[PDB]
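Peer 1:
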Amino acid sequence: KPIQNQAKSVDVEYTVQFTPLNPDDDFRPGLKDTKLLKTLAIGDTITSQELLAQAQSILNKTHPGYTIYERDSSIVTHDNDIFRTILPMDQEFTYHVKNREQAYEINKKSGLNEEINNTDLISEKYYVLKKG
Amino acid sequence: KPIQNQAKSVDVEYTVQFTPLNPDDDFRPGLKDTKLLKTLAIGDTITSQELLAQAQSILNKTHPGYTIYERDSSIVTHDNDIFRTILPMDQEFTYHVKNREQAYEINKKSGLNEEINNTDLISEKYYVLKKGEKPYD
Amino acid sequence: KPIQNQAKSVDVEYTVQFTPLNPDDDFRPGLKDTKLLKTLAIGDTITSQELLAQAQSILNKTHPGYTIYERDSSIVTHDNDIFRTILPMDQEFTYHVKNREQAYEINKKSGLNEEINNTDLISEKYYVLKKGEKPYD
Amino acid sequence: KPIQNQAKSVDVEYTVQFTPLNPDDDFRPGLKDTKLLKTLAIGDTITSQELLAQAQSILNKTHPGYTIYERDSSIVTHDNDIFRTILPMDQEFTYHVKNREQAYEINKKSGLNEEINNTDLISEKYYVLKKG
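Residue numbers (the UniProt record's numbering), protein chains in the order written: chain A, 149 to 280; chain B, 149 to 285; chain C, 149 to 285; chain D, 149 to 280.
(1) Give the residues from the region 186-215 of chain A that approach chain G closer than 7 Å (Cβ to any Cβ), ordered along the chain.
(2) Determine which residues share a DSSP beta bridge with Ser-271(D) and list them.
(3) Among the residues of its own chain, which have a CB less than 6 Å from the CB of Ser-196(B), if the five just before and after it don't count?
(4) Does the distance from the CB of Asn-265(D) to the CB of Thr-187(D) come in under 8 Å?
(5) With 7 Å as the C-beta to C-beta threshold (strictly closer), list the residues of the region 238-253 of chain A near chain C in chain order.
(6) Can you check whether the C-beta of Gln-152(A) is within less than 8 Å of a C-beta belonging to chain B?
(7) If the criterion is Cβ atoms closer than 8 Å, does the pair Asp-268(D) and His-226(D) meet it?
(8) Does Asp-174(B) get closer than 8 Å to chain D when you measure Cβ to Cβ?
(9) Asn-153(D): which of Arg-248(D), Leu-260(D) and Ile-216(D) sits nearest, CA to CA?
(10) Could you tell me the boundaries of the alpha helix (DSSP H) in which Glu-198(D) lies?
(11) Taking C-beta pairs closer than 8 Å, name the residues in chain B that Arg-232(C) reaches, listed in chain order.
(12) Could you have a look at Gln-154(D) and say whether DSSP puts it in helix, strand or coil?
(13) What does the Cβ neighbour count give for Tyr-217(A), buried or exposed, with the cut at 16 atoms within 10 Å?
(14) Helix, strand or coil: which one does DSSP assign to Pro-168(D)?
(15) From the DSSP output, in three-state form, read off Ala-251(D) for me.
(16) Check each residue of the region 258-277 of chain C: if its Cβ is closer than 7 Å to any Cβ of chain D, include it; give the result in chain order.
(17) Return the CA-CA distance between residue 138(A) and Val-164(A), expressed in angstroms with no decimal places.
(18) Helix, strand or coil for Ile-230(C), going by three-state DSSP, please let me know.
(19) Which partner residues does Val-276(B) have in the DSSP bridge list?
(20) What is the rounded straight-line gap between the Cα of residue 291(B) and the Cα of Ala-189(B)?
(21) Closer than 8 Å by C-beta to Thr-167(B): which residues in its own chain qualify, once you throw out the five before and the five after it? Chain order, please.
(22) Checking contacts by CB at 8 Å: is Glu-218(B) closer than that to chain D?
(23) Mind listing the chain B neighbours of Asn-228(A)? Cutoff is C-beta to C-beta under 9 Å, in chain order.
(24) Nearest CA to the CA of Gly-259(B): which residue from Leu-207(A), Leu-199(A), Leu-169(A) and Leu-200(A)?
(25) Looking at chain A, is there any beta carbon in it that lies within less than 8 Å of the beta carbon of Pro-177(B)?
(26) In terms of residue numbering, what span does the beta strand (DSSP E) encompassing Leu-179(C) cover?
(27) Going by DSSP, what residue range makes up the beta strand (DSSP E) through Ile-264(A)?
(28) Give a yes or no on whether the minimum CB-CB distance between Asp-159(B) and chain D is below 8 Å.
(29) Are residue 323(B) and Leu-235(D) closer than 8 Å when you measure CB to CB?
(30) Can you tell me which of the three DSSP states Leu-185(D) falls into?
(31) Within 10 Å of its beta-carbon, does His-244(B) have 16 or more other beta-carbons around it, so buried, or fewer, so exposed?
(32) Let me know the secondary structure DSSP gives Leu-235(D) once reduced to three states.
(33) Which residues in the same chain as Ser-157(A) place their Cβ atom closer than 8 Å to its Cβ, once the five residues preceding and following it in sequence are excluded?
(34) According to DSSP, is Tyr-243(C) helix, strand or coil?
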């Protein structure tokens, strides 16, 4: 891996899509629920159990009653990179923060390159059943 | 999935990345610089000649001395939609703001629904040439 | 750009390249593996699932101990034309043999101008995983 | 470009597409004229003057009665790579066979790797004129 400056910290953000296997009304599509999970270092871990708990928590306040049934998909988008990390959506797993080049952005006042936290976006899709 | 409630507005974000034909230390990997390009409505278009202008003006301030040489890729990500769309490869094209459901947030105070704008991230990669040099030209 | 003499048949060539998610020497760069998938008429379809099957079968015979992990790119070059077609990126797709002008030569030996089959070359890049290890997952 | 095993030889191929200036209906498009121009070593050259000659010449054998008017584009495709060399069309130039990794293919009867010449495809487009 032609890696020069290795990233220092990665902000891990979360987002989940809920699709019911029983069409209803309260299920308004287009929900933006992106939250900052935690800030981690390369190598650090994130479990599939944590992610679900997060997905379940969210659901508790975005679509009361319903309960997450089966995991549809789990993808990790790393700093606008094209290649993404595909997590096994059909068995428990553990995600390790991927190594990468340190991110940075232009300092508006100076015009020089300044370091900033790297980003990871974990997008999950779960199938839910209207709690009956 | 027939768009029930069509999205009202979509803020199109733009980000480019330039790769020199010859390894140049000046090009630091990991630059994050996104900018609102324009808030369009569904069906609204955006030509590649325009995206090029946007990339060109950015090359003028970040990498003076280089010329845009060849477009590598143009990929659009829509509001966390898992499917991204790669635009045409070797010719001019035009992007049509993809139809989608209106984005809605939440209330950490109340717990009710609350509409917010949609996002389209147009990400482009080009190859640049240092003014002067030439691969085989 | 109306077509004067539509192409009757087009030979669909297939080529794939594999990139392991983790550094490996066995993956000698410069590999050339072009096979005739099939001969179709304009309008015929070629699905991605069918392309993946070709790629998987070729992986199993050139780099067993690896599985396909993610499709990088699907590009089609049509009869020496400069504009290539990139197929969809993260989703299944169906490519329709692009409509074009009947190909023809000047059959050196015979002396006469004979119609020959047109050509589509579908080149694909896939990221592969050494059967036995988790990428990040 | 970490060029470990550098290519030994490059079959430089040439193909030219003609579009008549004045929309002509009797001009049969769809002609395939790819011809092996040469076998070269990295660094070897080919000039636009030479490419123009191959073009004019192929034009006289295929669409006799037409003359080259303007050079619209000169592109170079290297062994199936995505990145292509875009030659300057409004000025004379000279092409140098690009450095690259050795091309090989799996020999069907032995199951072993064999070195084969790498390939360059130089594609050109020209506007042609109908004589008289």
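Built from N, CA and C at the ideal position, the CB exists for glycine as well.
Peer 2: The relevant details are as follows:
(1) Judged by its chain identifiers, the structure shown contains no chain G, and its protein chains are A, B, C and D.
(2) Position 123 of the fourth sequence, counting from 1, holds the residue named residue 271(D). Partner(s): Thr-163(D) and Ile-223(D).
(3) On the second sequence, position 48 is the one that residue 196(B) refers to. Taken in chain order, the residues that qualify are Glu-240 and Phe-241.
(4) As a first step, residue 265(D) is located in the fourth sequence; it is residue number 117 there, counting from the start. As a first step, residue 187(D) is located in the fourth sequence; it is residue number 39 there, counting from the start. Result yes, Cβ atoms of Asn-265(D) and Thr-187(D) sit closer than 8 Å.
(5) Cβ contacts with chain C: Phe-241, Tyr-243, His-244 and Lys-246.
(6) For the purposes of this step, residue 152(A) is taken as the residue at position 4 of the first sequence. Cβ-Cβ to chain B under 8 Å: yes for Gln-152(A).
(7) Residue mapping note: residue 268(D) aligns to position 120 of the fourth sequence, counting from 1. Residue mapping note: residue 226(D) aligns to position 78 of the fourth sequence, counting from 1. Going by C-beta atoms, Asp-268(D) is nearer than 8 Å to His-226(D).
(8) As a position in the second sequence, residue 174(B) is number 26, starting the count at 1. Cβ-Cβ to chain D under 8 Å: no for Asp-174(B).
(9) For the purposes of this step, residue 153(D) is taken as residue 5 along the fourth sequence, with counting starting at 1. Among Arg-248(D), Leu-260(D) and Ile-216(D), the Cα nearest to that of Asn-153(D) is on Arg-248(D).
(10) Indexing the fourth sequence from 1 puts residue 198(D) at position 50. First-last of the alpha helix (DSSP H) with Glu-198(D): 196-210.
(11) Here residue 232(C) refers to the residue found at position 84 when the third sequence is read from its first residue. Neighbours of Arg-232(C) on chain B, chain order: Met-237 and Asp-238.
(12) Residue 154(D) sits at position 6 when you count from the first residue of the fourth sequence. In the structure shown, the three-state DSSP call for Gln-154(D) is strand.
(13) Translated into positions along the first sequence, residue 217(A) becomes position 69. Exposed, because fewer than 16 other Cβ atoms sit within 10 Å of the Cβ of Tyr-217(A).
(14) To locate residue 168(D), count along the fourth sequence from 1; it is residue 20. Residue state, collapsed to three classes: strand.
(15) One-based indexing of the fourth sequence puts residue 251(D) at position 103. Correct three-state label for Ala-251(D): strand.
(16) The residues in question are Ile-264 and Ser-271.
(17) The question about residue 138(A) has no answer here: the residues shown for chain A are numbered 149 through 280.
(18) In the third sequence, residue 230(C) corresponds to position 82, counting from 1. For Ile-230(C), the secondary structure class from DSSP, reduced to helix, strand or coil, is coil.
(19) Start at 1 with the first residue of the second sequence, and residue 276(B) comes out as number 128. In DSSP, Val-276(B) forms a bridge with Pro-168(B) and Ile-216(B).
(20) Here chain B covers residues 149 to 285 and nothing more, so residue 291(B) does not appear.
(21) For this step, residue 167(B) is matched to residue 19 along the second sequence. Closer than 8 Å at Cβ, skipping near neighbours: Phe-175, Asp-220, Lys-273, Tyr-274, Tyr-275 and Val-276.
(22) Residue 218(B) sits at position 70 when you count from the first residue of the second sequence. Yes, because at least one Cβ of chain D sits closer than 8 Å to the Cβ of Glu-218(B).
(23) Within the first sequence, numbered from 1, the residue matching residue 228(A) stands at position 80. Result: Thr-163, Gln-165, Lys-180, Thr-182, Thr-225, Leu-269 and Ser-271.
(24) Along the second sequence, read from residue 1 onward, the residue named residue 259(B) stands at position 111. Distances from the CA of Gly-259(B) to each of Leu-207(A), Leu-199(A), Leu-169(A) and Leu-200(A) were compared; the closest alpha carbon is that of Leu-207(A).
(25) Taking the first residue of the second sequence as 1, we reach residue 177(B) at position 29. Yes, contact with chain A.
(26) Within the third sequence, numbered from 1, the residue matching residue 179(C) stands at position 31. Here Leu-179(C) belongs to no beta strand (DSSP E), and DSSP marks it neither H nor E.
(27) Position 116 of the first sequence, counted from the first residue, corresponds to residue 264(A). For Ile-264(A), the uninterrupted beta strand (DSSP E) run begins and ends at 261-264, by DSSP.
(28) What you label residue 159(B) is simply residue 11 of the second sequence in a count that begins at 1. No, no contact with chain D.
(29) Given a span of 149 to 285 for chain B in the structure shown, any question on residue 323(B) remains unanswerable.
(30) Reading the fourth sequence from its first residue, position 37 is the one you call residue 185(D). In this structure, DSSP gives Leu-185(D) an extended state, which the three-state scheme calls strand.
(31) Residue numbering aside, residue 244(B) sits at position 96 when the second sequence is read from its first letter. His-244(B) comes out exposed.
(32) Taking the fourth sequence and counting its residues from 1, one reaches residue 235(D) at position 87. The answer is strand: DSSP assigns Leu-235(D) an E or B state.
(33) Position 9 of the first sequence, counted from the first residue, corresponds to residue 157(A). Within its own chain, the residues whose Cβ lies closer than 8 Å to the Cβ of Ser-157(A), once the five positions on either side in sequence are excluded, are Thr-187, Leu-188, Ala-189, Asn-265 and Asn-266, listed in chain order.
(34) Sequence index remark: in the third sequence, residue 243(C) carries index 95 (1-based). If DSSP states are grouped into helix, strand and coil, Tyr-243(C) belongs with the strands.
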